[PDB]
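Right, one structure below, let's go through it.
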Amino acid sequence: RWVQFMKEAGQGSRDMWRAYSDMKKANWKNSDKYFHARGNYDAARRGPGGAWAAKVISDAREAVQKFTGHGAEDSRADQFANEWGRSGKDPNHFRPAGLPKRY
Amino acid sequence: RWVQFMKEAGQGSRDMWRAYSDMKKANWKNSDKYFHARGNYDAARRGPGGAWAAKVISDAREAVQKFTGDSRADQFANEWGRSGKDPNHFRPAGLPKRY
Amino acid sequence: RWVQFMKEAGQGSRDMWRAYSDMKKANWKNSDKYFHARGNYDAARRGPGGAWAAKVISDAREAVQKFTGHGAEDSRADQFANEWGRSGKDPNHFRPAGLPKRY
């Protein structure tokens with residue numbers, strides 16, 4: 001169903017929001033790739049709709065970041081982490097040392 | 001606040017699925033437009049985040065209709081409810097009162 | 001903000017819908033790529049939100065139409081036209097002989 005896909009998309013959107021919210025609450029140096037990967041990883045594991053939402057949201061954020069002057073290298077690196085998580089690879093490969101266990 | 005907007009969007013999305021779910025359970029003829037209006041109505045009542053979510057979901061639905069090959073009529077109902085107007089405008093005869 | 005982005009996305013979405021509509025009513029064979037390119041071209045000109053919406057819509061169209069028998073050979077060809085217009089190239093490159101000035 002389109003309904004089931006959309007439900008997955010809604011949940012994946014929530015996952016993406018949580019990664020952003022946790023990133024902000026954590027204030028941890030060089031943690032953004034971890035949180036980029038984690039949100040995409042969580043969302044894609046909701047199902048196809050979740051993977052779709054993760055991609056659509058990732059792509060919008062990359063666009064807004066570019067507009068603000070984010071460098072091409074940093075954007076590419078962020079997109080690498082996004083796709084890493086979304087494909088099911090462990091977000092913890094981007095985990096900075098000492099990031100609290102709750103994240 | 002973004003947290004509040006997201007909260008409403010979450011609520012509104014749940015209102016939309018509940019409307020589609022009730023539509024399936026009711027299995028009542030000529031009831032589709034009622035449930036489209038009702039989901040959008042309930043969702044918009046949650047706040048701006050709910051109206052946004054309701055529009056996203058309604059628009060995504062029309063996209064699937066267009067892509068696969070009535071849409072306009074559904075959107076009339078979607079917008080009627082989301083605008084705060086009475087979903088019962090579309091209520092078919094017989095529909096159980098809990099819906 | 002994201003306010004401007006979403007404004008552009010709405011503009012871009014309307015451009016895409018208008019291309020799909022024009023495609024339906026023109027009923028011109030071998031004109032598919034023209035309208036796909038044109039929708040994406042018009043949408044990308046709205047700015048980043050428009051380009052983003054155009055890609056979201058284009059990709060969703062490809063994925064959804066798989067359920068109505070559109071295979072990869074034609075769908076990837078549509079997608080070549082989508083990216084063509086989106087990148088700023090002339091949709092008219094795909095214009096079939098005689099298509100009315102209205103489109």
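Chain identifiers are assigned as A, B, and so on, following the order in which chains appear in the structure tokens; residues are numbered from 1 within each chain, and ligands are numbered from 1 in order of appearance.
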Which residues, written as a short mmCIF file (atom, residue, chain, number, x, y, z; two decimals) with N, CA and C atoms, in the first residue's frame, have at least one atom at most 6 Å from residue 40 of chain B, with only C-alpha atoms counted and residues fewer than 2 positions away on the same chain left out?
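selection-v9.cif written:
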data_model
loop_
_atom_site.label_atom_id
_atom_site.label_comp_id
_atom_site.auth_asym_id
_atom_site.auth_seq_id
_atom_site.Cartn_x
_atom_site.Cartn_y
_atom_site.Cartn_z
N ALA B 37 -12.09 14.39 4.05
CA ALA B 37 -12.37 15.63 4.78
C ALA B 37 -12.06 15.47 6.27
N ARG B 38 -12.49 14.36 6.87
CA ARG B 38 -12.32 14.21 8.32
C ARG B 38 -10.85 14.13 8.76
N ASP B 42 -9.39 16.86 11.31
CA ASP B 42 -8.76 16.49 12.58
C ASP B 42 -7.31 16.95 12.66
N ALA B 43 -6.59 16.74 11.56
CA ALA B 43 -5.17 17.06 11.52
C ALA B 43 -4.93 18.56 11.63
N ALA B 54 -1.05 17.06 6.94
CA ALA B 54 -2.26 16.70 6.20
C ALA B 54 -2.16 17.06 4.72
N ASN B 78 -10.45 17.17 0.77
CA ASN B 78 -9.26 17.36 1.60
C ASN B 78 -9.19 18.81 2.08
N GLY B 81 -12.10 20.00 4.62
CA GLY B 81 -11.83 19.67 6.01
C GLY B 81 -10.67 20.43 6.61
N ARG B 82 -9.57 20.52 5.87
CA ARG B 82 -8.36 21.15 6.37
C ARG B 82 -8.63 22.62 6.68
#
For segment 34-47 of chain A: contacts at 6 Å, only C-alpha atoms, fewer than 6 positions along chain excluded, given as JSON, numbers by chain: {"A": [8, 12, 15, 16, 19, 54, 81, 82, 85, 86, 88, 91, 94, 95]}
What does the file look like for those residues with N, CA, C and O atoms, as a compact mmCIF listing (two decimals), in the first residue's frame?
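Saved the output as out-v8.txt:
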# COMPACT_ATOMS: atom_id res chain seq x y z
N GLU A 8 5.74 4.45 6.94
CA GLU A 8 7.20 4.29 7.07
C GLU A 8 7.90 5.63 6.89
O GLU A 8 8.84 5.94 7.62
N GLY A 12 10.31 7.43 9.55
CA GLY A 12 11.66 7.79 9.17
C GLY A 12 11.91 9.27 9.34
O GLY A 12 13.00 9.68 9.69
N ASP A 15 12.64 9.75 12.85
CA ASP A 15 14.02 9.32 13.12
C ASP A 15 15.03 10.37 12.73
O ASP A 15 15.99 10.59 13.45
N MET A 16 14.81 11.01 11.59
CA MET A 16 15.73 12.04 11.11
C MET A 16 15.70 13.24 12.05
O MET A 16 16.74 13.80 12.38
N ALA A 19 17.70 12.49 15.22
CA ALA A 19 19.15 12.57 15.06
C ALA A 19 19.58 14.03 15.11
O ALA A 19 20.63 14.36 15.68
N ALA A 54 14.33 9.54 4.43
CA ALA A 54 15.70 9.88 4.81
C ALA A 54 16.42 10.53 3.63
O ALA A 54 17.14 11.52 3.80
N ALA A 81 28.19 10.08 4.66
CA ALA A 81 27.72 9.53 5.93
C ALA A 81 26.23 9.22 5.86
O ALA A 81 25.79 8.23 6.44
N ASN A 82 25.48 10.06 5.17
CA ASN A 82 24.03 9.84 4.99
C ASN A 82 23.80 8.50 4.30
O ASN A 82 23.00 7.69 4.76
N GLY A 85 24.78 5.22 6.45
CA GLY A 85 23.71 4.79 7.34
C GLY A 85 22.53 4.23 6.58
O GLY A 85 21.99 3.18 6.94
N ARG A 86 22.12 4.93 5.54
CA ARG A 86 20.93 4.54 4.78
C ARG A 86 21.07 3.15 4.17
O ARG A 86 20.08 2.42 4.05
N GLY A 88 22.63 0.73 5.52
CA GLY A 88 22.65 -0.28 6.57
C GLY A 88 24.01 -0.53 7.20
O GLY A 88 24.17 -1.47 7.99
N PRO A 91 26.45 3.14 11.87
CA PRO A 91 26.73 4.55 12.13
C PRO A 91 27.93 4.74 13.06
O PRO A 91 28.62 5.76 12.98
N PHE A 94 31.44 6.26 12.52
CA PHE A 94 31.66 7.71 12.55
C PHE A 94 31.56 8.26 13.96
O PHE A 94 31.58 9.47 14.16
N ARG A 95 31.44 7.37 14.94
CA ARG A 95 31.22 7.80 16.31
C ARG A 95 32.48 8.39 16.92
O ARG A 95 33.51 7.72 16.96
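The list of chain C residues within 12 Å of chain B is residues 2, 6, 10, 13, 14, 16, 17, 20, 21, 24, 56, 57, 58, 59, 60, 61, 62, 63, 64, 65, 66, 67, 68, 69 and 70 of chain C; this uses only C-alpha atoms.
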With N, CA and C atoms retained, write the just-selected residues as a PDB file, in the first residue's frame.
ATOM      1  N   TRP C   2      13.928  27.944   5.723  1.00  0.00           N
ATOM      2  CA  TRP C   2      13.267  26.843   5.077  1.00  0.00           C
ATOM      3  C   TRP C   2      11.963  27.343   4.485  1.00  0.00           C
ATOM      4  N   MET C   6      10.758  26.016   0.935  1.00  0.00           N
ATOM      5  CA  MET C   6       9.460  25.387   0.718  1.00  0.00           C
ATOM      6  C   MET C   6       8.595  26.185  -0.253  1.00  0.00           C
ATOM      7  N   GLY C  10       7.146  24.627  -3.761  1.00  0.00           N
ATOM      8  CA  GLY C  10       5.775  24.697  -4.226  1.00  0.00           C
ATOM      9  C   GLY C  10       5.731  25.206  -5.653  1.00  0.00           C
ATOM     10  N   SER C  13       6.990  22.379  -7.775  1.00  0.00           N
ATOM     11  CA  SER C  13       5.988  21.329  -7.887  1.00  0.00           C
ATOM     12  C   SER C  13       4.913  21.672  -8.910  1.00  0.00           C
ATOM     13  N   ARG C  14       4.481  22.930  -8.902  1.00  0.00           N
ATOM     14  CA  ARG C  14       3.496  23.390  -9.871  1.00  0.00           C
ATOM     15  C   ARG C  14       4.044  23.331 -11.305  1.00  0.00           C
ATOM     16  N   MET C  16       6.174  21.147 -12.351  1.00  0.00           N
ATOM     17  CA  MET C  16       6.168  19.730 -12.712  1.00  0.00           C
ATOM     18  C   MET C  16       4.769  19.273 -13.067  1.00  0.00           C
ATOM     19  N   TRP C  17       3.807  19.626 -12.226  1.00  0.00           N
ATOM     20  CA  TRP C  17       2.415  19.292 -12.504  1.00  0.00           C
ATOM     21  C   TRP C  17       1.951  19.882 -13.839  1.00  0.00           C
ATOM     22  N   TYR C  20       3.296  17.781 -16.698  1.00  0.00           N
ATOM     23  CA  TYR C  20       2.565  16.525 -16.791  1.00  0.00           C
ATOM     24  C   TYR C  20       1.179  16.757 -17.387  1.00  0.00           C
ATOM     25  N   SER C  21       0.543  17.857 -16.990  1.00  0.00           N
ATOM     26  CA  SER C  21      -0.767  18.227 -17.540  1.00  0.00           C
ATOM     27  C   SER C  21      -0.665  18.496 -19.038  1.00  0.00           C
ATOM     28  N   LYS C  24      -0.354  15.412 -21.086  1.00  0.00           N
ATOM     29  CA  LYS C  24      -1.634  14.722 -21.236  1.00  0.00           C
ATOM     30  C   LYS C  24      -2.468  15.327 -22.365  1.00  0.00           C
ATOM     31  N   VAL C  56      12.506  15.121  -6.355  1.00  0.00           N
ATOM     32  CA  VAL C  56      11.630  14.282  -5.545  1.00  0.00           C
ATOM     33  C   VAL C  56      10.482  13.734  -6.385  1.00  0.00           C
ATOM     34  N   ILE C  57       9.844  14.617  -7.141  1.00  0.00           N
ATOM     35  CA  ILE C  57       8.715  14.240  -8.007  1.00  0.00           C
ATOM     36  C   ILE C  57       9.124  13.305  -9.142  1.00  0.00           C
ATOM     37  N   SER C  58      10.222  13.622  -9.817  1.00  0.00           N
ATOM     38  CA  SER C  58      10.729  12.765 -10.891  1.00  0.00           C
ATOM     39  C   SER C  58      11.041  11.359 -10.410  1.00  0.00           C
ATOM     40  N   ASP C  59      11.751  11.262  -9.288  1.00  0.00           N
ATOM     41  CA  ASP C  59      12.150   9.961  -8.769  1.00  0.00           C
ATOM     42  C   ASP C  59      10.945   9.165  -8.308  1.00  0.00           C
ATOM     43  N   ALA C  60      10.015   9.835  -7.631  1.00  0.00           N
ATOM     44  CA  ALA C  60       8.784   9.192  -7.157  1.00  0.00           C
ATOM     45  C   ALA C  60       7.969   8.674  -8.346  1.00  0.00           C
ATOM     46  N   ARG C  61       7.943   9.454  -9.416  1.00  0.00           N
ATOM     47  CA  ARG C  61       7.222   9.044 -10.612  1.00  0.00           C
ATOM     48  C   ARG C  61       7.802   7.747 -11.162  1.00  0.00           C
ATOM     49  N   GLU C  62       9.126   7.667 -11.257  1.00  0.00           N
ATOM     50  CA  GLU C  62       9.780   6.445 -11.738  1.00  0.00           C
ATOM     51  C   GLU C  62       9.448   5.240 -10.860  1.00  0.00           C
ATOM     52  N   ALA C  63       9.590   5.412  -9.549  1.00  0.00           N
ATOM     53  CA  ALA C  63       9.310   4.328  -8.600  1.00  0.00           C
ATOM     54  C   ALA C  63       7.844   3.878  -8.598  1.00  0.00           C
ATOM     55  N   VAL C  64       6.918   4.831  -8.645  1.00  0.00           N
ATOM     56  CA  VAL C  64       5.486   4.504  -8.634  1.00  0.00           C
ATOM     57  C   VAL C  64       5.031   3.851  -9.947  1.00  0.00           C
ATOM     58  N   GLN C  65       5.545   4.337 -11.072  1.00  0.00           N
ATOM     59  CA  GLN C  65       5.078   3.825 -12.360  1.00  0.00           C
ATOM     60  C   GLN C  65       5.585   2.421 -12.660  1.00  0.00           C
ATOM     61  N   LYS C  66       6.512   1.923 -11.845  1.00  0.00           N
ATOM     62  CA  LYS C  66       6.912   0.522 -11.951  1.00  0.00           C
ATOM     63  C   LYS C  66       5.715  -0.388 -11.671  1.00  0.00           C
ATOM     64  N   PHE C  67       4.810   0.085 -10.818  1.00  0.00           N
ATOM     65  CA  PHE C  67       3.598  -0.661 -10.480  1.00  0.00           C
ATOM     66  C   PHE C  67       2.503  -0.569 -11.541  1.00  0.00           C
ATOM     67  N   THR C  68       2.765   0.155 -12.624  1.00  0.00           N
ATOM     68  CA  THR C  68       1.836   0.190 -13.753  1.00  0.00           C
ATOM     69  C   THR C  68       2.550  -0.177 -15.048  1.00  0.00           C
ATOM     70  N   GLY C  69       3.619  -0.955 -14.911  1.00  0.00           N
ATOM     71  CA  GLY C  69       4.266  -1.566 -16.055  1.00  0.00           C
ATOM     72  C   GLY C  69       5.272  -0.749 -16.842  1.00  0.00           C
ATOM     73  N   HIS C  70       5.751   0.358 -16.281  1.00  0.00           N
ATOM     74  CA  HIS C  70       6.817   1.110 -16.950  1.00  0.00           C
ATOM     75  C   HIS C  70       8.172   0.500 -16.598  1.00  0.00           C
TER      76      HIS C  70
END
Proximal residues of chain C relative to chain A (only C-alpha atoms; 9 Å) as an MDAnalysis selection string: chainID C and resid 1:2 5 48:49 52:53 56
Once you have the residues from the selection above, write them out as a compact mmCIF listing (two decimals), in the first residue's frame, restricted to N, CA, C and O atoms.
# COMPACT_ATOMS: atom_id res chain seq x y z
N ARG C 1 14.63 31.41 5.31
CA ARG C 1 14.74 30.14 6.01
C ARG C 1 14.54 28.94 5.10
O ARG C 1 14.90 28.92 3.92
N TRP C 2 13.93 27.94 5.72
CA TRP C 2 13.27 26.84 5.08
C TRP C 2 11.96 27.34 4.49
O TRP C 2 11.35 26.67 3.65
N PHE C 5 12.78 28.02 0.92
CA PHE C 5 12.99 26.71 0.30
C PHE C 5 11.66 26.05 -0.04
O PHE C 5 11.44 25.59 -1.16
N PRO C 48 16.92 26.45 -5.42
CA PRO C 48 17.21 25.15 -4.80
C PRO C 48 15.98 24.33 -4.35
O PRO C 48 15.98 23.12 -4.56
N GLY C 49 14.98 24.96 -3.74
CA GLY C 49 13.78 24.24 -3.34
C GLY C 49 13.02 23.68 -4.54
O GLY C 49 12.37 22.62 -4.46
N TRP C 52 14.98 20.73 -5.90
CA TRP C 52 14.78 19.61 -5.00
C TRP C 52 13.42 18.95 -5.23
O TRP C 52 13.33 17.72 -5.35
N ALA C 53 12.36 19.76 -5.32
CA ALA C 53 11.02 19.25 -5.55
C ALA C 53 10.96 18.51 -6.88
O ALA C 53 10.32 17.46 -7.00
N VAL C 56 12.51 15.12 -6.35
CA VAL C 56 11.63 14.28 -5.54
C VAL C 56 10.48 13.73 -6.39
O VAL C 56 10.20 12.54 -6.36
d(atom CA of residue 19 of chain B, atom CA of residue 18 of chain A) in Å: 26.3 Å
Surrounding residues of residue 91 of chain B excluding itself and chain neighbours under 6 positions, 10 Å, only C-alpha atoms, as number ranges by chain: B: 30-35, 37-38, 99
Where in chain C does DSSP assign helix (DSSP H, G or I), given as a compact mmCIF listing (two decimals) with C-alpha atoms, in the first residue's frame?
# COMPACT_ATOMS: atom_id res chain seq x y z
CA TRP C 2 13.27 26.84 5.08
CA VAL C 3 10.33 29.15 4.39
CA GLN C 4 11.94 30.28 1.13
CA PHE C 5 12.99 26.71 0.30
CA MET C 6 9.46 25.39 0.72
CA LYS C 7 8.12 28.35 -1.26
CA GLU C 8 10.45 27.35 -4.12
CA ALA C 9 9.40 23.73 -3.71
CA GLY C 10 5.77 24.70 -4.23
CA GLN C 11 6.67 26.73 -7.30
CA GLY C 12 8.76 23.83 -8.58
CA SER C 13 5.99 21.33 -7.89
CA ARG C 14 3.50 23.39 -9.87
CA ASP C 15 5.96 23.52 -12.78
CA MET C 16 6.17 19.73 -12.71
CA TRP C 17 2.42 19.29 -12.50
CA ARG C 18 1.97 21.77 -15.37
CA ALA C 19 4.38 19.78 -17.56
CA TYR C 20 2.57 16.53 -16.79
CA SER C 21 -0.77 18.23 -17.54
CA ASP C 22 0.52 19.70 -20.82
CA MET C 23 1.82 16.26 -21.76
CA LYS C 24 -1.63 14.72 -21.24
CA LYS C 25 -3.51 17.33 -23.28
CA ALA C 26 -1.00 17.75 -26.11
CA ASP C 32 7.58 12.60 -23.36
CA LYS C 33 11.21 13.62 -22.87
CA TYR C 34 10.36 17.20 -23.89
CA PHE C 35 7.81 17.63 -21.12
CA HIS C 36 9.90 15.79 -18.52
CA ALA C 37 12.85 18.07 -19.34
CA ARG C 38 10.64 21.18 -19.40
CA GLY C 39 9.09 20.50 -15.99
CA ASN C 40 12.49 19.99 -14.42
CA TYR C 41 13.99 23.00 -16.22
CA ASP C 42 11.21 25.34 -15.09
CA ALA C 43 11.33 23.98 -11.56
CA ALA C 44 15.11 24.28 -11.16
CA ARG C 45 14.88 27.95 -12.22
CA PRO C 48 17.21 25.15 -4.80
CA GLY C 49 13.78 24.24 -3.34
CA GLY C 50 12.41 23.98 -6.88
CA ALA C 51 15.24 21.77 -8.08
CA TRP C 52 14.78 19.61 -5.00
CA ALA C 53 11.02 19.25 -5.55
CA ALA C 54 11.61 18.43 -9.20
CA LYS C 55 13.94 15.56 -8.30
CA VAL C 56 11.63 14.28 -5.54
CA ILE C 57 8.71 14.24 -8.01
CA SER C 58 10.73 12.77 -10.89
CA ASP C 59 12.15 9.96 -8.77
CA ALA C 60 8.78 9.19 -7.16
CA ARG C 61 7.22 9.04 -10.61
CA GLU C 62 9.78 6.44 -11.74
CA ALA C 63 9.31 4.33 -8.60
CA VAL C 64 5.49 4.50 -8.63
CA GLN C 65 5.08 3.82 -12.36
CA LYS C 66 6.91 0.52 -11.95
CA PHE C 67 3.60 -0.66 -10.48
CA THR C 68 1.84 0.19 -13.75
CA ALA C 72 13.69 0.50 -16.87
CA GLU C 73 14.44 1.10 -20.56
CA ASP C 74 11.83 3.87 -20.89
CA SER C 75 11.94 5.04 -17.24
CA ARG C 76 15.72 5.63 -17.31
CA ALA C 77 15.24 7.49 -20.58
CA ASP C 78 12.62 9.69 -18.89
CA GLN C 79 15.14 10.19 -16.08
CA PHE C 80 17.85 11.27 -18.56
CA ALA C 81 15.41 13.95 -19.76
CA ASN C 82 14.55 14.88 -16.15
CA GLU C 83 18.21 15.49 -15.24
CA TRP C 84 18.80 17.23 -18.57
CA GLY C 85 16.25 19.96 -17.88
CA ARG C 86 17.07 20.11 -14.18
CA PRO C 91 14.18 21.12 -23.08
CA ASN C 92 13.65 21.94 -26.77
CA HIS C 93 16.51 19.59 -27.63
CA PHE C 94 13.81 16.93 -27.16
Can you list, as a PDB file with C-alpha atoms, in the first residue's frame, every protein, DNA or RNA residue that comes within 9 Å of residue 46 of chain B when you count only C-alpha atoms, leaving out same-chain residues fewer than 2 positions away?
ATOM      1  CA  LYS B   7       4.644  17.451  17.516  1.00  0.00           C
ATOM      2  CA  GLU B   8       1.621  18.713  15.619  1.00  0.00           C
ATOM      3  CA  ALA B   9       2.864  17.140  12.376  1.00  0.00           C
ATOM      4  CA  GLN B  11      -0.393  14.174  15.546  1.00  0.00           C
ATOM      5  CA  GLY B  12      -1.834  15.267  12.204  1.00  0.00           C
ATOM      6  CA  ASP B  42      -8.759  16.491  12.584  1.00  0.00           C
ATOM      7  CA  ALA B  43      -5.170  17.060  11.517  1.00  0.00           C
ATOM      8  CA  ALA B  44      -5.506  20.802  10.960  1.00  0.00           C
ATOM      9  CA  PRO B  48       0.003  24.441  11.887  1.00  0.00           C
ATOM     10  CA  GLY B  49       2.203  21.324  11.943  1.00  0.00           C
ATOM     11  CA  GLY B  50      -0.892  19.143  11.566  1.00  0.00           C
ATOM     12  CA  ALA B  51      -2.266  21.106   8.622  1.00  0.00           C
TER      13      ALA B  51
END
Coordinates-based distance that separates atom CA of residue 31 of chain C from atom CA of residue 98 of chain C (Å, one decimal): 10.3 Å
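You will find atom CA of residue 27 of chain B at 20.4 Å from atom CA of residue 41 of chain B.
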Residues within 9 Å of residue 62 of chain B, only C-alpha atoms, excluding chain neighbours under 6 positions, as a PyMOL selection string: chain B and resi 71-72+74-75
